[PDB]
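Student: File name entry.csv; file contents CSV, N, CA and C atoms; full text below.
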chain,number,residue,atom,x,y,z
A,1,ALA,N,7.7,15.9,-52.3
A,1,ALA,CA,9.1,16.0,-51.9
A,1,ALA,C,9.6,14.7,-51.2
A,2,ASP,N,10.5,14.0,-51.8
A,2,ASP,CA,10.9,12.7,-51.3
A,2,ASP,C,12.3,12.8,-50.8
A,3,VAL,N,13.1,13.7,-51.3
A,3,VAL,CA,14.5,13.9,-51.0
A,3,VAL,C,14.6,14.9,-49.8
A,4,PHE,N,15.2,14.4,-48.7
A,4,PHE,CA,15.5,15.2,-47.6
A,4,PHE,C,17.0,15.0,-47.1
A,5,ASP,N,17.8,16.0,-47.1
A,5,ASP,CA,19.2,15.9,-46.7
A,5,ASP,C,19.3,15.4,-45.3
A,6,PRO,N,20.2,14.4,-45.1
A,6,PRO,CA,20.4,13.7,-43.8
A,6,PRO,C,21.0,14.7,-42.8
A,7,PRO,N,20.5,14.6,-41.5
A,7,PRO,CA,21.1,15.5,-40.5
A,7,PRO,C,22.6,15.4,-40.3
A,8,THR,N,23.3,16.4,-40.7
A,8,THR,CA,24.8,16.4,-40.6
A,8,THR,C,25.3,16.9,-39.3
A,9,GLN,N,24.4,16.9,-38.3
A,9,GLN,CA,24.8,17.5,-37.0
A,9,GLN,C,25.6,16.5,-36.2
A,10,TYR,N,26.9,16.6,-36.3
A,10,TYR,CA,27.8,15.8,-35.5
A,10,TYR,C,28.9,16.7,-34.9
A,11,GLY,N,29.8,16.1,-34.2
A,11,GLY,CA,30.9,16.8,-33.6
A,11,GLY,C,32.2,16.7,-34.4
A,12,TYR,N,32.3,15.5,-35.1
A,12,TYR,CA,33.5,15.2,-35.8
A,12,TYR,C,33.2,14.3,-37.0
A,13,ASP,N,31.9,14.4,-37.4
A,13,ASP,CA,31.3,13.5,-38.5
A,13,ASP,C,31.2,12.1,-37.9
A,14,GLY,N,30.0,11.5,-38.2
A,14,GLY,CA,29.7,10.2,-37.7
A,14,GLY,C,29.0,10.2,-36.4
A,15,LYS,N,29.6,10.8,-35.4
A,15,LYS,CA,29.0,11.0,-34.1
A,15,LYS,C,29.3,12.4,-33.6
A,16,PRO,N,28.5,12.8,-32.6
A,16,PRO,CA,28.8,14.1,-31.9
A,16,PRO,C,29.8,13.9,-30.8
A,17,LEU,N,30.1,15.0,-30.0
A,17,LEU,CA,31.0,14.8,-28.8
A,17,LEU,C,30.3,14.0,-27.8
A,18,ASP,N,30.7,12.7,-27.7
A,18,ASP,CA,30.0,11.8,-26.8
A,18,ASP,C,31.1,10.9,-26.1
A,19,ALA,N,30.6,10.0,-25.3
A,19,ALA,CA,31.5,9.2,-24.5
A,19,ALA,C,32.5,8.3,-25.4
A,20,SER,N,32.0,7.9,-26.5
A,20,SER,CA,32.7,7.0,-27.4
A,20,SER,C,34.0,7.6,-27.8
A,21,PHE,N,34.0,8.9,-28.0
A,21,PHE,CA,35.2,9.6,-28.4
A,21,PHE,C,36.3,9.6,-27.3
A,22,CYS,N,35.8,9.7,-26.1
A,22,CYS,CA,36.7,9.8,-24.9
A,22,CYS,C,37.1,8.4,-24.4
A,23,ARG,N,36.4,7.3,-24.9
A,23,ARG,CA,36.7,6.0,-24.5
A,23,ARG,C,38.1,5.6,-24.8
A,24,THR,N,38.6,6.1,-25.9
A,24,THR,CA,40.0,5.8,-26.3
A,24,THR,C,41.0,6.5,-25.5
A,25,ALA,N,40.6,7.3,-24.5
A,25,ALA,CA,41.5,8.1,-23.7
A,25,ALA,C,41.9,7.3,-22.5
A,26,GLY,N,41.1,6.4,-22.1
A,26,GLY,CA,41.4,5.6,-20.9
A,26,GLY,C,41.3,6.3,-19.6
A,27,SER,N,42.3,7.1,-19.3
A,27,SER,CA,42.4,7.8,-18.0
A,27,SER,C,41.3,8.9,-18.0
A,28,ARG,N,41.3,9.7,-19.0
A,28,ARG,CA,40.4,10.8,-19.1
A,28,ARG,C,39.0,10.4,-19.6
A,29,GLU,N,38.8,9.1,-19.7
A,29,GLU,CA,37.5,8.6,-20.0
A,29,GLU,C,36.5,8.8,-18.8
A,30,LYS,N,37.1,8.7,-17.6
A,30,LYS,CA,36.3,8.9,-16.4
A,30,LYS,C,35.9,10.4,-16.3
A,31,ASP,N,36.7,11.3,-16.7
A,31,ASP,CA,36.5,12.7,-16.7
A,31,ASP,C,35.4,13.1,-17.7
A,32,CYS,N,35.6,12.6,-18.9
A,32,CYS,CA,34.8,13.0,-20.0
A,32,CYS,C,33.3,12.5,-19.9
A,33,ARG,N,33.1,11.3,-19.3
A,33,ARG,CA,31.8,10.7,-19.2
A,33,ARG,C,30.9,11.6,-18.4
A,34,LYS,N,31.4,12.2,-17.3
A,34,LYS,CA,30.6,13.1,-16.5
A,34,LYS,C,30.6,14.5,-17.2
A,35,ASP,N,31.7,14.9,-17.7
A,35,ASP,CA,31.9,16.3,-18.3
A,35,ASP,C,31.0,16.5,-19.5
A,36,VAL,N,30.9,15.5,-20.3
A,36,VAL,CA,30.1,15.6,-21.6
A,36,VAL,C,28.6,15.8,-21.2
A,37,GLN,N,28.2,15.3,-20.1
A,37,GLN,CA,26.8,15.5,-19.6
A,37,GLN,C,26.6,16.8,-19.0
A,38,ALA,N,27.7,17.4,-18.4
A,38,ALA,CA,27.6,18.7,-17.8
A,38,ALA,C,27.5,19.8,-18.8
A,39,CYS,N,28.3,19.6,-19.9
A,39,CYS,CA,28.2,20.5,-21.0
A,39,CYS,C,27.1,20.1,-22.0
A,40,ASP,N,25.9,20.6,-21.9
A,40,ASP,CA,24.8,20.1,-22.6
A,40,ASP,C,24.6,20.8,-23.9
A,41,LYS,N,24.6,22.1,-24.0
A,41,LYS,CA,24.4,22.8,-25.2
A,41,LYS,C,25.4,22.4,-26.3
A,42,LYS,N,26.6,22.2,-25.9
A,42,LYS,CA,27.7,21.6,-26.7
A,42,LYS,C,28.0,22.5,-27.9
A,43,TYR,N,27.1,22.8,-28.8
A,43,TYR,CA,27.5,23.5,-30.1
A,43,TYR,C,26.9,24.9,-30.1
A,44,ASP,N,27.5,25.8,-30.9
A,44,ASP,CA,27.1,27.1,-31.1
A,44,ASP,C,25.9,27.1,-32.1
A,45,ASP,N,25.1,28.2,-32.1
A,45,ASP,CA,23.9,28.3,-32.9
A,45,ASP,C,24.3,28.1,-34.4
A,46,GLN,N,25.5,28.5,-34.8
A,46,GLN,CA,26.0,28.3,-36.1
A,46,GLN,C,26.3,26.8,-36.4
A,47,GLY,N,26.4,26.0,-35.3
A,47,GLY,CA,26.8,24.7,-35.4
A,47,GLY,C,28.3,24.5,-35.2
A,48,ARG,N,29.0,25.6,-34.8
A,48,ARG,CA,30.4,25.6,-34.6
A,48,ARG,C,30.7,25.1,-33.2
A,49,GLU,N,31.9,24.7,-32.9
A,49,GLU,CA,32.3,24.3,-31.6
A,49,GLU,C,32.4,25.5,-30.6
A,50,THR,N,31.9,25.3,-29.4
A,50,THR,CA,31.8,26.4,-28.5
A,50,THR,C,33.2,26.4,-27.7
A,51,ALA,N,33.3,27.4,-26.8
A,51,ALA,CA,34.4,27.5,-25.9
A,51,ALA,C,34.5,26.2,-25.0
A,52,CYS,N,33.3,25.7,-24.7
A,52,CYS,CA,33.3,24.5,-23.9
A,52,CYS,C,33.7,23.3,-24.7
A,53,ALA,N,33.2,23.1,-25.9
A,53,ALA,CA,33.5,22.1,-26.9
A,53,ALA,C,35.0,22.1,-27.2
A,54,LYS,N,35.6,23.3,-27.2
A,54,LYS,CA,37.0,23.5,-27.5
A,54,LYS,C,37.9,23.0,-26.4
A,55,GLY,N,37.5,23.2,-25.2
A,55,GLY,CA,38.2,22.8,-24.0
A,55,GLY,C,38.1,21.3,-23.9
A,56,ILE,N,37.1,20.7,-24.4
A,56,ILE,CA,36.9,19.2,-24.4
A,56,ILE,C,37.9,18.5,-25.3
A,57,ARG,N,37.9,18.9,-26.6
A,57,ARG,CA,38.8,18.3,-27.6
A,57,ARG,C,40.2,18.5,-27.2
A,58,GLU,N,40.5,19.5,-26.3
A,58,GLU,CA,41.9,19.8,-25.9
A,58,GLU,C,42.3,18.8,-24.8
A,59,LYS,N,41.4,18.4,-24.0
A,59,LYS,CA,41.8,17.4,-22.9
A,59,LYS,C,41.8,16.0,-23.4
A,60,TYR,N,40.7,15.7,-24.2
A,60,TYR,CA,40.6,14.3,-24.7
A,60,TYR,C,41.1,14.3,-26.2
A,61,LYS,N,42.2,15.1,-26.3
A,61,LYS,CA,42.9,15.3,-27.6
A,61,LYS,C,43.4,14.0,-28.1
A,62,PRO,N,43.4,13.8,-29.5
A,62,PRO,CA,44.1,12.7,-30.2
A,62,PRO,C,45.5,13.2,-30.5
A,63,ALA,N,46.2,12.4,-31.3
A,63,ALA,CA,47.5,12.8,-31.7
A,63,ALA,C,47.5,13.8,-32.8
A,64,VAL,N,47.5,15.1,-32.5
A,64,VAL,CA,47.4,16.2,-33.4
A,64,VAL,C,47.9,17.5,-32.7
A,65,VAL,N,48.6,18.3,-33.4
A,65,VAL,CA,49.0,19.6,-32.9
A,65,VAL,C,48.0,20.7,-33.2
A,66,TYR,N,47.3,21.2,-32.2
A,66,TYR,CA,46.4,22.3,-32.3
A,66,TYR,C,46.9,23.5,-31.6
A,67,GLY,N,46.6,24.7,-32.2
A,67,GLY,CA,47.0,25.9,-31.6
A,67,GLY,C,45.9,26.6,-30.9
A,68,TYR,N,46.1,27.8,-30.3
A,68,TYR,CA,45.1,28.6,-29.6
A,68,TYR,C,44.0,29.0,-30.5
A,69,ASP,N,44.3,29.0,-31.8
A,69,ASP,CA,43.3,29.4,-32.8
A,69,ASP,C,42.1,28.4,-32.9
A,70,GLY,N,42.3,27.3,-32.3
A,70,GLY,CA,41.3,26.2,-32.5
A,70,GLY,C,41.5,25.5,-33.8
A,71,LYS,N,42.6,25.6,-34.4
A,71,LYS,CA,43.0,25.0,-35.6
A,71,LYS,C,44.2,24.2,-35.5
A,72,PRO,N,44.5,23.1,-36.3
A,72,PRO,CA,45.6,22.3,-36.3
A,72,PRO,C,46.9,22.9,-37.0
A,73,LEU,N,47.1,24.2,-36.7
A,73,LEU,CA,48.3,24.8,-37.3
A,73,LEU,C,49.5,24.5,-36.5
A,74,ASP,N,50.6,24.2,-37.3
A,74,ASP,CA,51.9,23.8,-36.7
A,74,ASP,C,53.0,24.8,-36.7
A,75,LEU,N,53.0,25.7,-35.7
A,75,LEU,CA,54.0,26.8,-35.7
A,75,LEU,C,53.6,27.7,-34.5
A,76,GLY,N,52.4,27.7,-34.1
A,76,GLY,CA,51.9,28.7,-33.1
A,76,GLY,C,52.8,28.7,-31.8
A,77,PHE,N,53.1,27.6,-31.2
A,77,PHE,CA,53.8,27.5,-30.0
A,77,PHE,C,55.3,27.6,-30.2
A,78,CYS,N,55.7,27.7,-31.4
A,78,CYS,CA,57.2,27.7,-31.7
A,78,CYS,C,57.6,29.1,-32.3
A,79,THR,N,56.6,29.9,-32.8
A,79,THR,CA,56.9,31.1,-33.4
A,79,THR,C,57.4,32.2,-32.4
A,80,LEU,N,57.2,31.8,-31.1
A,80,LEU,CA,57.6,32.8,-30.1
A,80,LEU,C,59.1,32.7,-29.8
A,81,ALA,N,59.7,31.5,-30.1
A,81,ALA,CA,61.1,31.2,-29.8
A,81,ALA,C,62.0,31.8,-30.9
A,82,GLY,N,61.8,31.3,-32.1
A,82,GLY,CA,62.6,31.8,-33.3
A,82,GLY,C,63.5,30.6,-33.8
A,83,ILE,N,64.7,30.5,-33.4
A,83,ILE,CA,65.6,29.5,-33.9
A,83,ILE,C,65.2,28.1,-33.4
A,84,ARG,N,64.8,28.0,-32.1
A,84,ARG,CA,64.4,26.8,-31.5
A,84,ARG,C,63.0,26.3,-32.1
A,85,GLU,N,62.4,27.1,-33.0
A,85,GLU,CA,61.2,26.7,-33.6
A,85,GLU,C,61.4,25.4,-34.4
A,86,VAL,N,62.6,25.2,-34.9
A,86,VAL,CA,63.0,24.1,-35.7
A,86,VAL,C,62.9,22.8,-34.8
A,87,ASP,N,63.4,22.9,-33.6
A,87,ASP,CA,63.5,21.8,-32.7
A,87,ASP,C,62.1,21.4,-32.2
A,88,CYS,N,61.4,22.4,-31.5
A,88,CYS,CA,60.1,22.1,-30.9
A,88,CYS,C,59.1,21.6,-32.0
A,89,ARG,N,59.2,22.0,-33.2
A,89,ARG,CA,58.3,21.6,-34.3
A,89,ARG,C,58.3,20.1,-34.4
A,90,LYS,N,59.5,19.5,-34.2
A,90,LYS,CA,59.7,18.1,-34.3
A,90,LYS,C,59.0,17.4,-33.1
A,91,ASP,N,59.5,17.8,-31.9
A,91,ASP,CA,59.1,17.1,-30.7
A,91,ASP,C,57.6,17.4,-30.2
A,92,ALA,N,57.1,18.5,-30.8
A,92,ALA,CA,55.7,18.9,-30.4
A,92,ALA,C,54.7,17.8,-30.4
A,93,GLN,N,54.7,17.0,-31.4
A,93,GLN,CA,53.7,15.9,-31.5
A,93,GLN,C,53.9,14.8,-30.5
A,94,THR,N,55.1,14.8,-29.9
A,94,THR,CA,55.4,13.8,-28.9
A,94,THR,C,54.8,14.1,-27.6
A,95,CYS,N,54.6,15.4,-27.3
A,95,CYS,CA,53.9,15.9,-26.1
A,95,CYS,C,52.4,15.9,-26.4
A,96,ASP,N,51.9,14.9,-27.1
A,96,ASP,CA,50.5,15.0,-27.6
A,96,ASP,C,49.5,14.6,-26.5
A,97,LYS,N,49.6,13.5,-25.9
A,97,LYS,CA,48.6,13.2,-24.8
A,97,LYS,C,49.3,12.8,-23.5
A,98,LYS,N,49.9,11.6,-23.5
A,98,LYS,CA,50.1,10.8,-22.3
A,98,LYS,C,51.5,10.3,-22.1
A,99,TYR,N,51.8,9.3,-22.9
A,99,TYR,CA,53.0,8.4,-22.7
A,99,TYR,C,54.3,9.2,-22.9
A,100,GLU,N,54.5,9.8,-24.1
A,100,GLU,CA,55.8,10.4,-24.4
A,100,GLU,C,55.8,11.8,-24.0
A,101,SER,N,54.7,12.3,-23.4
A,101,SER,CA,54.7,13.7,-23.0
A,101,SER,C,55.8,14.1,-22.0
A,102,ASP,N,56.1,13.2,-21.0
A,102,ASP,CA,57.1,13.4,-20.0
A,102,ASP,C,58.5,13.5,-20.7
A,103,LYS,N,58.7,12.5,-21.6
A,103,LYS,CA,60.0,12.4,-22.2
A,103,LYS,C,60.2,13.5,-23.3
A,104,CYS,N,59.1,13.9,-23.9
A,104,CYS,CA,59.2,15.0,-24.8
A,104,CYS,C,59.5,16.4,-24.1
A,105,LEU,N,58.9,16.5,-22.9
A,105,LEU,CA,59.1,17.7,-22.1
A,105,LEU,C,60.6,17.8,-21.8
A,106,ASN,N,61.2,16.7,-21.4
A,106,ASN,CA,62.6,16.6,-21.2
A,106,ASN,C,63.4,17.1,-22.3
A,107,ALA,N,62.9,16.9,-23.5
A,107,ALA,CA,63.6,17.2,-24.8
A,107,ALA,C,63.6,18.7,-25.0
A,108,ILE,N,62.5,19.3,-24.5
A,108,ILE,CA,62.2,20.7,-24.8
A,108,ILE,C,63.0,21.6,-23.8
A,109,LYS,N,63.3,21.1,-22.7
A,109,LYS,CA,64.0,21.9,-21.7
A,109,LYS,C,65.4,22.2,-22.1
A,110,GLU,N,66.1,21.2,-22.7
A,110,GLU,CA,67.5,21.4,-23.1
A,110,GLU,C,67.6,22.3,-24.3
A,111,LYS,N,66.5,22.6,-25.0
A,111,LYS,CA,66.4,23.4,-26.1
A,111,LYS,C,66.8,24.9,-25.7
A,112,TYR,N,66.4,25.2,-24.5
A,112,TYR,CA,66.6,26.5,-23.9
A,112,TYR,C,67.6,26.5,-22.8
A,113,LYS,N,68.4,25.4,-22.7
A,113,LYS,CA,69.4,25.2,-21.7
A,113,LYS,C,70.4,26.4,-21.6
A,114,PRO,N,70.5,27.0,-20.4
A,114,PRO,CA,71.4,28.1,-20.2
A,114,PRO,C,72.9,27.7,-20.1
A,115,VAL,N,73.5,27.7,-21.3
A,115,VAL,CA,74.9,27.4,-21.4
A,115,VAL,C,75.7,28.7,-21.4
A,116,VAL,N,75.1,29.8,-21.0
A,116,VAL,CA,75.7,31.1,-20.9
A,116,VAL,C,76.4,31.3,-19.6
A,117,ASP,N,77.3,32.3,-19.5
A,117,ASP,CA,78.0,32.6,-18.3
A,117,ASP,C,77.0,33.4,-17.4
A,118,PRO,N,77.2,33.1,-16.1
A,118,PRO,CA,76.3,33.7,-15.0
A,118,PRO,C,76.4,35.2,-14.9
A,119,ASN,N,75.4,35.8,-14.4
A,119,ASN,CA,75.4,37.3,-14.2
A,119,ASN,C,76.4,37.7,-13.1
A,120,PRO,N,77.1,38.8,-13.3
A,120,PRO,CA,78.1,39.2,-12.3
A,120,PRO,C,77.6,39.4,-10.9
A,121,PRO,N,78.1,38.6,-9.9
A,121,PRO,CA,77.7,38.7,-8.5
A,121,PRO,C,78.2,39.9,-7.9
A,122,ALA,N,77.4,41.0,-7.8
A,122,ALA,CA,77.8,42.2,-7.2
A,122,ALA,C,76.9,42.7,-6.1
Just give me the structure as C-alpha coordinates.
Tutor:
Amino acid sequence: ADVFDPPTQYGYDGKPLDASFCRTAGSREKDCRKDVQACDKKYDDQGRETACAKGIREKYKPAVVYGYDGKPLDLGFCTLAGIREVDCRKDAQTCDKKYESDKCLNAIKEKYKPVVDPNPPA
(Lines of atoms letter the chains of each structure in order from A and count residues from 1; the text may use other names and numbers.)
(Lines give C-alpha, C1' and ligand atoms only; values in the text may rest on other atoms or scores of the structure.)
Protein backbone atom coordinates (compact mmCIF):
# COMPACT_ATOMS: atom_id res chain seq x y z
CA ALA A 1 0.00 0.00 0.00
CA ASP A 2 1.61 3.21 -1.21
CA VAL A 3 -1.40 5.51 -1.33
CA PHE A 4 -2.48 7.09 1.94
CA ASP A 5 -5.02 9.92 2.07
CA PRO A 6 -3.53 13.13 3.54
CA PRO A 7 -4.71 14.22 7.03
CA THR A 8 -7.61 16.54 6.28
CA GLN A 9 -7.86 17.55 9.92
CA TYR A 10 -8.06 21.34 9.85
CA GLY A 11 -10.40 24.00 11.18
CA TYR A 12 -11.11 25.84 7.95
CA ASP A 13 -8.94 23.87 5.49
CA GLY A 14 -5.23 24.60 5.23
CA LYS A 15 -4.80 25.22 8.94
CA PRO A 16 -6.69 24.45 12.18
CA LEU A 17 -8.02 27.04 14.63
CA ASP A 18 -4.70 28.68 15.42
CA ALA A 19 -3.15 32.08 16.11
CA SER A 20 -2.64 32.83 12.40
CA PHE A 21 -6.41 33.00 11.94
CA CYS A 22 -6.77 35.58 14.70
CA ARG A 23 -3.70 37.56 13.62
CA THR A 24 -5.86 39.41 11.11
CA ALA A 25 -8.15 40.56 13.94
CA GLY A 26 -5.57 42.89 15.45
CA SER A 27 -7.36 43.81 18.67
CA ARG A 28 -8.78 40.36 19.34
CA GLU A 29 -5.43 38.85 18.40
CA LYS A 30 -4.34 39.30 22.02
CA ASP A 31 -7.45 37.49 23.22
CA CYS A 32 -7.24 34.60 20.78
CA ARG A 33 -3.55 33.82 21.33
CA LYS A 34 -4.23 32.83 24.94
CA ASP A 35 -7.77 31.58 24.34
CA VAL A 36 -6.78 29.14 21.59
CA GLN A 37 -4.36 27.53 24.05
CA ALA A 38 -7.01 27.35 26.76
CA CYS A 39 -9.40 25.50 24.47
CA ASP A 40 -7.28 22.44 23.77
CA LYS A 41 -9.64 19.68 22.61
CA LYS A 42 -10.97 22.12 19.96
CA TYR A 43 -12.91 19.64 17.81
CA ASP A 44 -15.70 17.13 18.37
CA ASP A 45 -15.06 13.38 18.01
CA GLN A 46 -16.85 13.60 14.65
CA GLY A 47 -14.40 16.32 13.65
CA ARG A 48 -17.08 18.98 13.88
CA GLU A 49 -16.69 22.36 15.57
CA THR A 50 -17.46 22.28 19.28
CA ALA A 51 -19.41 24.79 21.35
CA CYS A 52 -16.01 26.25 22.23
CA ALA A 53 -14.86 26.34 18.59
CA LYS A 54 -18.13 28.05 17.69
CA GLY A 55 -17.62 30.76 20.29
CA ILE A 56 -14.17 31.36 18.86
CA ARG A 57 -15.18 31.86 15.22
CA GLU A 58 -17.89 34.24 16.49
CA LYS A 59 -15.41 36.56 18.25
CA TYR A 60 -12.62 36.36 15.70
CA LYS A 61 -15.27 36.47 13.01
CA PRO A 62 -14.45 37.50 9.42
CA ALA A 63 -16.86 39.47 7.23
CA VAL A 64 -19.76 37.02 7.07
CA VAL A 65 -23.26 36.77 8.49
CA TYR A 66 -23.68 33.70 10.68
CA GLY A 67 -26.78 32.73 12.61
CA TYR A 68 -27.35 30.89 15.89
CA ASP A 69 -27.49 27.70 13.82
CA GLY A 70 -23.73 27.87 13.35
CA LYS A 71 -24.32 28.40 9.66
CA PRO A 72 -23.93 31.45 7.35
CA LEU A 73 -27.68 31.80 6.78
CA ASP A 74 -28.89 35.34 6.08
CA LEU A 75 -32.33 35.87 7.64
CA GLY A 76 -32.10 34.51 11.19
CA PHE A 77 -31.79 37.84 13.01
CA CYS A 78 -34.27 39.54 10.69
CA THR A 79 -37.10 37.00 10.58
CA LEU A 80 -38.16 38.16 14.05
CA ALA A 81 -39.00 41.65 12.80
CA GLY A 82 -40.94 41.11 9.59
CA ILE A 83 -41.07 44.20 7.40
CA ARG A 84 -37.78 45.61 8.72
CA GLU A 85 -36.19 42.31 7.62
CA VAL A 86 -35.61 44.08 4.31
CA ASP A 87 -33.57 46.83 5.98
CA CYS A 88 -31.50 44.83 8.48
CA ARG A 89 -30.64 42.32 5.75
CA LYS A 90 -28.67 45.06 4.02
CA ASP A 91 -26.90 46.63 7.00
CA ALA A 92 -26.30 43.29 8.78
CA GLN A 93 -22.92 42.71 7.11
CA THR A 94 -21.82 46.21 8.14
CA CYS A 95 -22.07 45.21 11.80
CA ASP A 96 -19.57 42.46 10.98
CA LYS A 97 -16.54 43.06 13.24
CA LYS A 98 -15.13 46.39 14.20
CA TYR A 99 -15.08 49.56 12.13
CA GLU A 100 -18.56 50.01 10.70
CA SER A 101 -20.23 48.18 13.59
CA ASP A 102 -20.97 51.43 15.46
CA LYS A 103 -22.32 53.23 12.39
CA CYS A 104 -24.31 50.18 11.33
CA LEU A 105 -25.83 50.00 14.82
CA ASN A 106 -26.92 53.62 14.36
CA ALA A 107 -28.65 52.58 11.15
CA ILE A 108 -30.54 49.77 12.86
CA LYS A 109 -31.95 51.93 15.65
CA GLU A 110 -33.92 54.18 13.31
CA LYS A 111 -35.46 51.10 11.70
CA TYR A 112 -37.58 50.69 14.83
CA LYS A 113 -37.77 54.40 15.64
CA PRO A 114 -40.97 55.17 17.62
CA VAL A 115 -42.77 57.67 15.39
CA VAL A 116 -46.03 56.64 17.05
CA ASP A 117 -48.11 58.79 19.40
CA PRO A 118 -47.33 58.37 23.14
CA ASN A 119 -49.47 56.32 25.52
CA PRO A 120 -52.28 58.23 27.30
CA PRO A 121 -50.92 59.79 30.52
CA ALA A 122 -53.53 58.72 33.07
Student: If we count only C-alpha atoms, what is near range 106-116 of chain A at a cut-off of 9 Å, once residues fewer than 3 positions away on the same chain are taken out, given as a ChimeraX atom specification?
Tutor: /A:84,87-88,91-92,101-103
Student: Have a look at atom C of residue 61 in chain A and atom N of residue 83 in chain A and let me know their distance in Å, one decimal.
Tutor: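 Result for atom C of residue 61 in chain A versus atom N of residue 83 in chain A: 27.5 Å, one decimal.
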Student: Could the residues of range 55-74 of chain A that have an atom at most 9 Å from range 18-28 of chain A be listed as a tab-separated table, each with its closest atom pair and the distance in Å to one decimal, counting only C-alpha atoms and ordered by chain and ascending residue number?
Tutor:
residue	atom	partner	partner_atom	distance
A:59	CA	A:28	CA	7.7
A:60	CA	A:22	CA	6.0
A:61	CA	A:25	CA	8.3
A:62	CA	A:25	CA	8.4
Student: My list of candidates is A:33, A:89, A:41, A:54. Which is closest to residue 77 in chain A when distances are computed with all atoms listed in the file?
Tutor: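 Closest candidate: A:89.
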Student: Could you pull range 37-50 of chain A out of the structure just shown and give N, CA, C and O atoms as a PDB file, in the first residue's frame?
Tutor:
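Listing of result35.pdb after writing:
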ATOM      1  N   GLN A  37      -5.146  28.464  23.258  1.00  0.00           N
ATOM      2  CA  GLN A  37      -4.358  27.528  24.047  1.00  0.00           C
ATOM      3  C   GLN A  37      -5.185  26.968  25.199  1.00  0.00           C
ATOM      4  O   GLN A  37      -4.957  25.846  25.652  1.00  0.00           O
ATOM      5  N   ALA A  38      -6.142  27.759  25.667  1.00  0.00           N
ATOM      6  CA  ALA A  38      -7.011  27.346  26.759  1.00  0.00           C
ATOM      7  C   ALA A  38      -7.992  26.280  26.288  1.00  0.00           C
ATOM      8  O   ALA A  38      -8.275  25.316  27.003  1.00  0.00           O
ATOM      9  N   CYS A  39      -8.510  26.466  25.083  1.00  0.00           N
ATOM     10  CA  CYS A  39      -9.403  25.495  24.472  1.00  0.00           C
ATOM     11  C   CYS A  39      -8.571  24.483  23.688  1.00  0.00           C
ATOM     12  O   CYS A  39      -8.206  24.718  22.535  1.00  0.00           O
ATOM     13  N   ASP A  40      -8.247  23.367  24.324  1.00  0.00           N
ATOM     14  CA  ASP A  40      -7.276  22.436  23.768  1.00  0.00           C
ATOM     15  C   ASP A  40      -7.928  21.387  22.873  1.00  0.00           C
ATOM     16  O   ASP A  40      -7.474  21.165  21.749  1.00  0.00           O
ATOM     17  N   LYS A  41      -8.982  20.743  23.367  1.00  0.00           N
ATOM     18  CA  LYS A  41      -9.643  19.683  22.608  1.00  0.00           C
ATOM     19  C   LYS A  41     -10.117  20.184  21.247  1.00  0.00           C
ATOM     20  O   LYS A  41      -9.994  19.473  20.253  1.00  0.00           O
ATOM     21  N   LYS A  42     -10.624  21.419  21.211  1.00  0.00           N
ATOM     22  CA  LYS A  42     -10.970  22.116  19.965  1.00  0.00           C
ATOM     23  C   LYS A  42     -12.120  21.474  19.180  1.00  0.00           C
ATOM     24  O   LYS A  42     -13.157  22.105  18.980  1.00  0.00           O
ATOM     25  N   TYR A  43     -11.958  20.235  18.739  1.00  0.00           N
ATOM     26  CA  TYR A  43     -12.907  19.640  17.808  1.00  0.00           C
ATOM     27  C   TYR A  43     -13.669  18.489  18.446  1.00  0.00           C
ATOM     28  O   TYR A  43     -13.179  17.835  19.368  1.00  0.00           O
ATOM     29  N   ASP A  44     -14.870  18.255  17.941  1.00  0.00           N
ATOM     30  CA  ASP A  44     -15.699  17.133  18.372  1.00  0.00           C
ATOM     31  C   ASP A  44     -15.115  15.822  17.848  1.00  0.00           C
ATOM     32  O   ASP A  44     -14.303  15.834  16.922  1.00  0.00           O
ATOM     33  N   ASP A  45     -15.512  14.702  18.447  1.00  0.00           N
ATOM     34  CA  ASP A  45     -15.065  13.377  18.008  1.00  0.00           C
ATOM     35  C   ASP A  45     -15.348  13.161  16.523  1.00  0.00           C
ATOM     36  O   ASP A  45     -14.556  12.540  15.812  1.00  0.00           O
ATOM     37  N   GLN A  46     -16.467  13.703  16.058  1.00  0.00           N
ATOM     38  CA  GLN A  46     -16.852  13.598  14.653  1.00  0.00           C
ATOM     39  C   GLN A  46     -15.975  14.488  13.773  1.00  0.00           C
ATOM     40  O   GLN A  46     -15.975  14.357  12.551  1.00  0.00           O
ATOM     41  N   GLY A  47     -15.228  15.388  14.398  1.00  0.00           N
ATOM     42  CA  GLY A  47     -14.404  16.316  13.650  1.00  0.00           C
ATOM     43  C   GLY A  47     -15.124  17.622  13.397  1.00  0.00           C
ATOM     44  O   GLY A  47     -14.646  18.475  12.652  1.00  0.00           O
ATOM     45  N   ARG A  48     -16.286  17.771  14.019  1.00  0.00           N
ATOM     46  CA  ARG A  48     -17.084  18.980  13.881  1.00  0.00           C
ATOM     47  C   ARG A  48     -16.631  20.030  14.888  1.00  0.00           C
ATOM     48  O   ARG A  48     -15.948  19.710  15.862  1.00  0.00           O
ATOM     49  N   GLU A  49     -17.000  21.277  14.645  1.00  0.00           N
ATOM     50  CA  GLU A  49     -16.690  22.357  15.566  1.00  0.00           C
ATOM     51  C   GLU A  49     -17.495  22.212  16.855  1.00  0.00           C
ATOM     52  O   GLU A  49     -18.696  21.935  16.823  1.00  0.00           O
ATOM     53  N   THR A  50     -16.824  22.394  17.981  1.00  0.00           N
ATOM     54  CA  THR A  50     -17.462  22.284  19.280  1.00  0.00           C
ATOM     55  C   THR A  50     -18.166  23.582  19.655  1.00  0.00           C
ATOM     56  O   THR A  50     -18.111  24.567  18.917  1.00  0.00           O
TER      57      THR A  50
END
